[PDB]
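Counting begins at 1 with the first residue of the sequence.
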Amino acid sequence: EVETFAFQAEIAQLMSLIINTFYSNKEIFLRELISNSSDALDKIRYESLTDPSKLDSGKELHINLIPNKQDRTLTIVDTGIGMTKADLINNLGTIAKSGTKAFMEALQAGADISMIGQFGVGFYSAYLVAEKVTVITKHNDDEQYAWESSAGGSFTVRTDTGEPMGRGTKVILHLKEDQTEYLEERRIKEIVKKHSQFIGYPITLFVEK
Ligand SMILES: Brc1n[nH]c2cnccc12
Ligand SMILES: Brc1n[nH]c2cnccc12
Ligand SMILES: Brc1n[nH]c2cnccc12
Ligand SMILES: Brc1n[nH]c2cnccc12
């Protein structure tokens, strides 16, 4: 069972601007998704302060970066709080409509795309390098779900029959053909060290065969 939704017009306008505007500093996508993972990890840790059983789905709080050259995918895995089905449909738990409004007004007022994170819509920078994004997520209060979109004005949500996640979120970036540099080991370390050096969680860059 697959449900297909239309993006709100403002969100579809945001993704098309990200996809079509000439902008070379594409590496900021990783900082934004890592920052999102850190926020999700902060929340589940806070809830565990008064209810330790919230970590029964996994006590480890970490971020993994998994490149796969054969699939041409870069996967950002975290064990944060995760998202419910309603959160996924609700623009992945953000106020993306009002956040996009402020972002596009800043852009005409001198801003550039790299400041997208200060507006709560940093997730959509993933489409600087990915032609398709798959979000697998598991919240303690819901089942495991899969969110997917190749832009084009629509996204799908389905029950995920894949590997059970325990708790957290998996962001799978199906990279564009000319953006495979973000699967190289030394390129990812350089980006993590320059934009994410103060994330308060272990970031493990998986290596390949
Ligand atoms: Br948890 C969660 N849901 N949506 C988010 C967007 N940015 C950071 C964290 C989250
Ligand atoms: Br939106 C988003 N990007 N990365 C995440 C990790 N956990 C929850 C929500 C998100
Ligand atoms: Br943590 C978290 N849950 N939902 C969010 C939306 N924006 C930023 C951070 C979060
Ligand atoms: Br929870 C939550 N929903 N939306 C948010 C925005 N910023 C921080 C936390 C949240």
Side-chain angles (χ1 to χ4, degrees), residues 7-44 62-66 73-84 87-137 139 147-151 155 168-176 179 182 187-188 190-201 203 205:
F7 285 111
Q8 303 173 256
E10 299 87 352
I11 283 67
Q13 198 180 183
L14 170 69
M15 290 154 81
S16 88
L17 176 166
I18 282 170
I19 287 162
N20 297 322
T21 303
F22 181 75
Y23 175 77
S24 291
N25 182 41
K26 293 173 174 281
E27 65 187 54
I28 57 102
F29 80 95
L30 190 56
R31 173 192 66 201
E32 298 310 323
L33 298 174
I34 287 169
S35 167
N36 284 0
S37 287
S38 173
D39 293 340
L41 289 153
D42 287 348
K43 199 176 160 169
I44 188 61
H62 59 238
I63 302 169
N64 297 326
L65 311 177
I66 311 173
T73 59
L74 177 55
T75 301
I76 296 96
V77 184
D78 65 70
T79 51
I81 195 159
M83 287 179 281
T84 67
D87 298 321
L88 281 178
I89 302 164
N90 250 38
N91 289 315
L92 303 113
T94 73
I95 54 162
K97 190 198 154 133
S98 92
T100 296
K101 163 167 235 303
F103 181 40
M104 266 177 216
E105 287 170 17
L107 284 178
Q108 66 66 25
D112 65 290
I113 274 166
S114 74
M115 332 159 51
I116 186 177
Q118 323 169 221
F119 291 149
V121 290
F123 165 81
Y124 299 101
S125 64
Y127 291 91
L128 288 172
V129 298
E131 67 197 8
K132 181 170 110 195
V133 178
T134 311
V135 176
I136 319 281
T137 193
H139 191 282
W147 175 107
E148 198 161 70
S149 174
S150 297
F155 67 89
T169 294
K170 189 168 333 212
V171 176
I172 303 159
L173 309 177
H174 310 257
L175 289 183
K176 297 157 174 188
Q179 302 303 321
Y182 301 110
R187 180 68 167 122
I188 297 164
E190 173 190 47
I191 296 162
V192 165
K193 170 181 191 174
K194 163 214 262 223
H195 292 294
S196 298
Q197 52 279 66
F198 299 96
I199 299 299
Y201 296 97
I203 302 164
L205 169 54

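Side-chain atoms of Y201 come within 3.5 Å of backbone atoms of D42 as a donor-acceptor pair (strictly under, hydrogens ignored). Looking only at distances, no side-chain donor or acceptor of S37 sits under 3.5 Å from a matching main-chain atom of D78. Side chain of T137 to backbone of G168: a donor-acceptor contact under 3.5 angstrom is found.
Summarising the geometry, atom CD1 belonging to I116 is positioned 10.5 Å from atom CZ belonging to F123; distances are rounded to the nearest 0.5 Å. Going from atom CD1 of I44 over to atom CG of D39 covers 14.0 Å, rounded to the nearest 0.5 Å. The CZ atom of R31 sits 8.0 Å away from atom OG of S125, with the distance rounded to the nearest 0.5 Å. Distance CD1/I18 to CG/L14: 4.0 Å, rounded to 0.5 Å. Between atom NZ of residue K170 and atom OG1 of residue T134 there is a gap of 11.0 Å, rounded to the nearest 0.5 Å. Taken to the nearest 0.5 Å, the NZ atom of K193 stands 13.5 Å off from the NE2 atom of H195.
Scanning both residues, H139 and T84, for their nearest heavy atoms gives CG-CG2, 3.6 Å. Minimum heavy-atom separation, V129 to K26: CG1-CB, 4.0 Å. In this structure, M115 and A111 approach most closely via the heavy-atom pair SD-CB, 3.5 Å. Between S196 and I203, the shortest heavy-atom contact is O-CD1, 4.3 Å. Annotation for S149 and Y127: closest pair O-OH, 2.8 Å, computed over non-hydrogen atoms. Taking every heavy atom of both residues into account, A151 and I19 meet most closely at CB-CD1, 3.6 Å.
Residues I11 and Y124 are in side-chain contact: their nearest non-hydrogen atoms beyond the backbone lie under 4.5 Å apart. At least one side-chain heavy atom of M83 sits under 4.5 Å from a side-chain heavy atom of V135. The closest side-chain heavy-atom distance from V171 to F29 is not below 4.5 Å.
Residue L205 forms a side chain to side chain contact (heavy atoms under 4.5 Å, CB included) with just one option from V192, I63, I188, and that option is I188. Test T73, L128, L33 against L173 for side chain to side chain contact (heavy atoms under 4.5 Å, CB included) and you get one pass: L33.
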> Should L17 and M104 be marked as a side-chain contact (heavy atoms from CB on, under 4.5 Å) after you check the CA-CA gap, both sets of side-chain angles, and the distance that decides it?
Replying inline: CA-CA 9 Å; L17 176 166; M104 266 177 216; 4.0 Å; yes
>> With side-chain contact (heavy atoms from CB on, under 4.5 Å) as the criterion, how do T169 and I136 come out once you've worked through the C-alpha distance, each side chain's angles and the decisive distance to 0.1 Å?
In response: CA-CA 6 Å; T169 294; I136 319 281; over 6 Å; no
> Checking side-chain contact (heavy atoms from CB on, under 4.5 Å) for the pair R187/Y182: CA distance, chi angles, key distance, verdict?
Replying inline: CA-CA 6 Å; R187 180 68 167 122; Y182 301 110; 3.4 Å; yes
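Counting non-hydrogen atoms of other residues, nucleotides and ligands closer than 6.0 Å to NZ of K101 gives a total of 12 or fewer.
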